[PDB]
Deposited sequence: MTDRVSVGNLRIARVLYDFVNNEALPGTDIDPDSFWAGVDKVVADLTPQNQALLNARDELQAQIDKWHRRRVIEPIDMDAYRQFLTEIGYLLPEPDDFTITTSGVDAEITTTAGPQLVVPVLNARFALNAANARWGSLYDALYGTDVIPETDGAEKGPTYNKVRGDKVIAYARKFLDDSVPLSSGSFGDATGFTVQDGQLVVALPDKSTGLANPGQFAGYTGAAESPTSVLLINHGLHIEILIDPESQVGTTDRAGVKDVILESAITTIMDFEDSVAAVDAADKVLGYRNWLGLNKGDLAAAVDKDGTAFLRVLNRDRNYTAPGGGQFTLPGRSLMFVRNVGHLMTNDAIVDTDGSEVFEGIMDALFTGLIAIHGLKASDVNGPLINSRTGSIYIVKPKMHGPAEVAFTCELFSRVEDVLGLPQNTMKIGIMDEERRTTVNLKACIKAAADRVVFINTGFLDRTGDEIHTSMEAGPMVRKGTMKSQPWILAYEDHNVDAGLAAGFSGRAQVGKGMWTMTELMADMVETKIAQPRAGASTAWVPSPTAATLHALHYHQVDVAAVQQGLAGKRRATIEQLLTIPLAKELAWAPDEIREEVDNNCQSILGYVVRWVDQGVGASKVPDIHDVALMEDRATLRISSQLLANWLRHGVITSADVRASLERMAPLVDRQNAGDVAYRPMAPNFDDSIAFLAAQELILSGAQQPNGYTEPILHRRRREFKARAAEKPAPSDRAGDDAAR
């Protein structure tokens, strides 16, 4: 074949060469020692990895049966809880404790702000994301619907001054609200100066300073007429760019050209739900981008990584600020294998194990000088998001894997830190124990509410028909889950030490709506939450200026706002809940979103796509949102809400509509020859086989179908 033999492993040549030629050089790790380490870790840890996956299946089978043997209508919560406890699903809560994780950067322990997630296989997106630490407020406002396109203020081929003025006014109000003047408004400012190290703002009638002179962080240019003024509020920087010569500045009362916000404080470079990588070739593409990010030389077309930013302190001396988003990497979880490496028997190696080895290896570069200062962690940490874990034993396993990898890489123990996704029910209900299992590695917890919703549906699949997808966000279980997560983090001493994060805004074009509603997340004490783009990061930063998360967290301390009973409230629908038109809409909406996402996954290897839903709302789709849709339809089919003819008819009805939306270029229509389309059959399979997928996961089918598509293409 095209494999390299090391011990009991047979490594795809493309991966072997990448590691030897590109990843290892510069780390001072001996190539032969590295590969011996891979062999040993894989051999040592594979058995427990398999045992954990088996335990999931066993627990689900018992719960399935428990529901089928229920006669009593209103589910008996006391009995249900006792059953979960008996089978080892619900474990004892440990005594209070405080996490001890150290060597963590300020962006994580202390700074509250947006966290951006981006597919690592897309180099351009990854570059923009790394560079999203700073972003233009004017661009974000002008370019989105945050400023309405009412009569007069519509966007067009050229600059609209009426809209420009609304942008200016919006930002002036932001400044008044965030960094207030002693008296007067920024709206009436005519200039800025620095005298005796103090910010002085010219008003038409008098001059004034900040209500809080401490918010003045520095400036650029001459003190007598700065080219910019740097402010700080709630730990985040705001920069007013002063330039009367510019188009916008010419029209401005104080010659202001733009207001720049510190935006995406940290970014997660994703190997998991937002990318499609099903073999060694795909994995290498991803690994190479992560390498380029950490070595600091990733470049497109040239677009490159930003350097740090230089400022003068109020007093006159010099300082710098980070120009890049501090990077995490999201590895895949414990489920999947990948044929990038197979053993002598031809068995595929667990992908999570490989990701820890290879992403960890590559991250070493980000800890050292780049052709420039080192790119990433100045405190010496590697930041890894670990998704889709179920319960404390699975967290303990991730910790043991990272420990073994550190030994192979010659890194200090606990270098590799863990961002824990709380996105599976068996983690939610055992959250305190999960944090404790990683007490010296954890750098965040985050409510991955989309995956968590998929797991909610699958876990209780046999219980009955679930409510419509759009109803889930307001169900008792999810509201308890969100508060429970914050409570556990604060109780474990996260304030000042680790992020308490919440989930993704998927409506990429609904920025007015995002600005209105996502403020709920920091108001709930989350020190970070997920955004889908650098523009959304800049707009979400507004919320952290309005809400003092540090104060909110202090206020929430010691509260227990969710009960186990509330967490365990299954979102069953009521009898006769739906008219036919409602059922039809749910079916068509789900099939449309499934087909829209899956067609690009299977035929083009794209793991995240904007897919208009049935209401024509552009939604960023990833595997988690697919997990929900496929599981919901699987559940409705299982309980007789819909028939197999209903499903097939809906798929065939929506497919041509998806074809139309993709009609460009490497796209192959699904209709009318449905049985000839691997993409269509994948979509169908996710629904018709959904109840039989482990925990409702979409990867086994997606990976199989993508590999099938590639094989046909090659023949």
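Counting from residue 1 of the deposited sequence, the stretches lacking C-alpha coordinates in this chain are 1, 303 to 310, 381 to 382, 675, 728 to 741.
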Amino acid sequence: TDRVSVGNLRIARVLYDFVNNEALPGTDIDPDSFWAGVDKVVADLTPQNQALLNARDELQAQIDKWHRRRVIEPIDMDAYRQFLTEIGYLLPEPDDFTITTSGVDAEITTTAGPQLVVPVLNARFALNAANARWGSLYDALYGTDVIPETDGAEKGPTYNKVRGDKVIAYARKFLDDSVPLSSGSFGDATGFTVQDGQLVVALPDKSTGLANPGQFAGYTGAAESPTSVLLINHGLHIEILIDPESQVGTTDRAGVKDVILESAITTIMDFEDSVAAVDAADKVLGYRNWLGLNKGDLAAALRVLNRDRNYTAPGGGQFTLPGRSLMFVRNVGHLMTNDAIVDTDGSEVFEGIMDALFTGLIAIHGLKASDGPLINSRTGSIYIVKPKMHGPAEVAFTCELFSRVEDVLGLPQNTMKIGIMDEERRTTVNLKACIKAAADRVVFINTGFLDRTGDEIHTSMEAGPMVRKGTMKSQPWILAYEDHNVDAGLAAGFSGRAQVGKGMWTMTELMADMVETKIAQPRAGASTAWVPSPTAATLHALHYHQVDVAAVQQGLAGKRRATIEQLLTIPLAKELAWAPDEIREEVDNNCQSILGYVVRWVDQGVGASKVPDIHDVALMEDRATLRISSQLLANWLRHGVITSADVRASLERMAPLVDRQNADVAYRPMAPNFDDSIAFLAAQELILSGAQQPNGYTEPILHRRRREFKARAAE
From here on, numbers count along this sequence of modelled residues.
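The term rigid core refers to the maximal set of C-alpha atoms that superpose within 1.5 Å between the two forms.
Per-stretch RMS Cα distance to the displayed form in 4 other deposited structures of this protein, following rigid core alignment, is highest for 374 to 382 when 374 to 382 and 229 to 237 are compared. Core-fitted comparison in 4 other deposited structures of this protein shows that, between 245 to 253 and 116 to 124, the CA atoms farther from the shown form belong to 245 to 253. Gaps at residue 445 occur in none of the other compared entries of the protein that contain both adjacent residues, all of which model it rather than a third dropping it. Gaps at residue 73 occur in at least a third of the other compared entries of the protein that contain both adjacent residues.
The question of which stretch, 623 to 631 or 189 to 197, has the higher mean Cα B factor is settled in favour of 189 to 197. Of the two stretches examined, 649 to 657 and 668 to 676, the record assigns the greater average C-alpha temperature factor to 668 to 676.
Note on the listed residues 282, 424, 93, 270: the highest Cα temperature factor in the record is that of 93. Residue-level inspection of the entry shows that, of 538, 359, 553, 160, 160 has the top Cα B-factor. Placement of the Cα temperature factor of residue 397 within the chain: lowest third of the modelled residues, per the deposited record.
Among all modelled residues in this chain, the alpha-carbon of residue 80 has a temperature factor (C-alpha) in the highest third.
Among the modelled residues of its chain, residue 52 has a C-alpha B-factor that falls in the middle third according to the deposited record. When the CA B factors of the chain's modelled residues are split into thirds, the value for residue 640 lands in the middle one. Among all modelled residues in this chain, the alpha-carbon of residue 449 has a temperature factor (C-alpha) in the lowest third.
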